[PDB]
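Residue numbers (the deposited numbering), protein chains in the order written: chain J, 3 to 115; chain I, 3 to 115; chain H, 3 to 115; chain N, 3 to 115; chain M, 3 to 115; chain L, 3 to 115; chain K, 3 to 115; chain C, 59 to 115; chain D, 59 to 115. Cβ atoms here follow ideal geometry from the backbone N, Cα and C, with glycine treated the same way. Below is one structure, written out as structure tokens; comments come after it.
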């Protein structure tokens, strides 16, 4: 006769979204911190960067995740680019150019607890 | 007497949406990268492209997925077109014409983890 | 004694919505492609067409699904009409009249994977 | 010893909402089609009609469901009225009066598949 | 040996929201119908009334549910009031005063089927 | 041999949100009723009060829950404050000062039925 | 023969979001209370602070959680910063500088009950 | 994508008992003293092992 | 990440019975009088223990 039940430990799934806009200028190769992870969970999601600055004038932006720049992820003004990834712990933006640009960063955090 | 339980490995289902607007000009047949996949998951979803440029003037846009152009997916100004697909790993846009057009790209990412 | 568990293959249910606006003119009976299916899933949902053009001037719009026109689905300016259906694989619009109309097409895609 | 499992056939529950606005005039008792059902499912939901036209001038609107007028469901300008029902297959509006009114129709479709 | 499975009859849970705005004047104690129930389900939810009319001039509004006025539920201009309840079958508003007020009624319908 | 199944009585989880704006003046210590509970459920959620009135002029607002003032919950103009709690049955606001302030009250109702 | 069923105690998962805007000035190192916990639950979530004040003029803001300042979490004007954490019981903001800044605080509360 | 699995019993691999992803395989035997699994491939796979022990005492 | 677990029976640790995360291990035995678990590592792990009691009376 069975005693007790192994059952399960049902986990709630969190799917949040974050959006903000920044005035990006030349930072000399330094990554401006945007998002950091302080938990022990495993986090997936998609990161989107849109550069709305003036075309051909505003600085370009590059994404950095986990302290390593994403291969070829540079956004020129008048463009957007999105990338999906797993095990994301840090998100930062590096600006390069002259002038200032209105750069919008959005990202989804998906995990379970 | 049963020992343990096979049970399950319940998976959280992620359904995200992305939208951006770009200034599309003549790119000479080169595909501008919009979305790329860096995970091992299987991703489904719908991709919508709307060309709001001036009618009869602005360049046309064509969708490219998995490095192969979608058959007949060309959008003239003043139109929108959407397509649903499975196993999507890359999304890019190719512009053709003269002038500049305000082209809006949206897409849904659906998967489970 | 049972060995293993038949269990299940739980499926994530996708419910997406799409909306766009087009400038519809006389197309001479040709159906403008709006949505196409490239997957092997079974797709249900509701399709809504609203013709906001000037009353009594703008062209009328007719819905076409699966390559067959929907019986009596013609929308005059200043009206909206919606229809729910199952096993939807294609959506197109046919315009008839003189002038141009701002016609809004929305539709829901519901399925499971 | 049990062979296989009866288990279940879990059904995804669809809960969609639709909203549109129309310019309603005198139709001479004819019902303008708003929503029709082409599936074999059982559909429940709530239907709301709001008449925002000028008070005491704009025509009144009446709801019709399943080809039968709802008892006493007439909305005067400056009012809204909602009704919940089960087994809904058709929704139409009948206008009566002089002039034109901006009438907003919303409705929820709830079912399972 | 068990034959068949009692299993369950899983029910989809519907949680809808409705909002509208009305021009409320003196109705002489008569309740203006806002929402009515025509189903056999048990419906819960919260009802909120906000009176945005001019302060100290516009008429006051009172809520009526199930044909009985809610104890002390009178809203003066420049105020909102919300109440949660179970087994809701009718919602109506009674206006009292002089002039006209822009009164916003919102309510949530929660049930299972 | 087992007869029947204990199974479960699965409960639908309701998570609603309410928001309104009021013109708050001096009430002489009297609590203006905002939300009341008339059900037998156990309700949790978060309550947020934002005072957008002119800085240093508009009256301050204080939250009252279950007939007892929350310790130190007073909001000055140009501020917002939120508090999460369990077993919430009443929400009211007490204004103190001179003049009028545009005070926004929002709150989430979370329970199961 | 089994008597009864261990079954489960299914828990509803609450995922709420809060947003407000404040006029932040120099507080002399004192933490302005933004959010406090009065329940016995375990709360996770992400906290985002965006400083929209004038660039190079408005005061900077620093986040404080659980009575301890977050390492390096200082936001200059024209920036946003977000951090995810578990076991969150208090959120406060400390302003430092000269002048006033429009600082937006948002945060997600995720738990189960 | 996922690696394949092979069963080993009594320290000797079972002839041809390799399971590809999306499959199950079962084998009945007598005088069983050890059960082990050998994985081969790239990536990770969710592999379920079940077994019945029948004896008398 | 999660700590490893080791089985102890009759007050003596079972030779080599250490389970790493993402694994299961089972052992059959006779004359069992005590079962205990020893954890070693950093963090917390959800560890499931099952066992069958067979006897006659």
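Assign residue i to one of two classes, buried (16 or more other C-beta atoms within 10 Å of its C-beta) or exposed (fewer than that).
i, result
"residue 94/H", "buried"
"residue 7/K", "exposed"
"residue 11/M", "exposed"
"residue 13/J", "exposed"
"residue 84/C", "exposed"
"residue 9/H", "exposed"
"residue 60/N", "buried"
"residue 31/J", "exposed"
"residue 52/L", "buried"
"residue 89/C", "exposed"
"residue 81/D", "exposed"
"residue 113/M", "buried"
"residue 68/C", "exposed"
"residue 45/I", "buried"
"residue 3/L", "exposed"
"residue 111/N", "buried"
"residue 107/H", "buried"
"residue 36/M", "buried"
"residue 78/L", "buried"
Determine, using beta carbons only, whether residue i and residue j come nearer to each other than 8 Å.
i, j, result
"residue 100/J", "residue 25/J", "no"
"residue 48/K", "residue 115/K", "no"
"residue 33/N", "residue 72/N", "no"
"residue 92/I", "residue 23/I", "no"
"residue 86/J", "residue 41/I", "yes"
"residue 62/L", "residue 98/L", "yes"
"residue 16/L", "residue 50/M", "no"
If you measure from the beta carbon of residue i to each beta carbon in chain N, is any gap under 8 Å?
i, result
"residue 25/M", "yes"
"residue 52/H", "yes"
"residue 100/H", "no"
In terms of residue numbering, what span does the beta strand (DSSP E) encompassing residue i cover?
i, result
"residue 83/H", "81-88"
"residue 22/I", "15-26"
"residue 46/L", "46-53"
"residue 70/M", "70-77"
"residue 94/H", "92-98"
"residue 62/K", "62-67"
"residue 5/N", "Taken as a continuous stretch (DSSP letters only), residue 5/N belongs to no beta strand (DSSP E), as it is neither H nor E."
Within the 8 Å Cβ cut-off, does residue i reach chain M?
i, result
"residue 85/N", "yes"
"residue 97/N", "no"
"residue 94/L", "no"
"residue 10/N", "yes"
"residue 38/L", "yes"
Just checking: is the beta-carbon of residue i within a distance shorter than 8 Å of some beta-carbon in chain D?
i, result
"residue 111/C", "yes"
Which partner residues does residue i have in the DSSP bridge list?
i, result
"residue 113/K", "16/K"
"residue 106/J", "23/J and 52/J"
With 8 Å as the threshold, decide whether the Cβ of residue i is near any Cβ in chain I.
i, result
"residue 89/H", "no"
"residue 114/D", "no"
"residue 69/H", "no"
"residue 7/H", "yes"
"residue 48/J", "yes"
"residue 28/H", "no"
Checking contacts by CB at 8 Å: is residue i closer than that to chain J?
i, result
"residue 66/K", "no"
"residue 57/K", "yes"
Is residue i close to chain H? Criterion is C-beta to C-beta, closer than 8 Å.
i, result
"residue 62/I", "no"
"residue 41/N", "yes"
"residue 104/C", "no"
Determine, using beta carbons only, whether residue i comes closer than 8 Å to chain L.
i, result
"residue 80/M", "yes"
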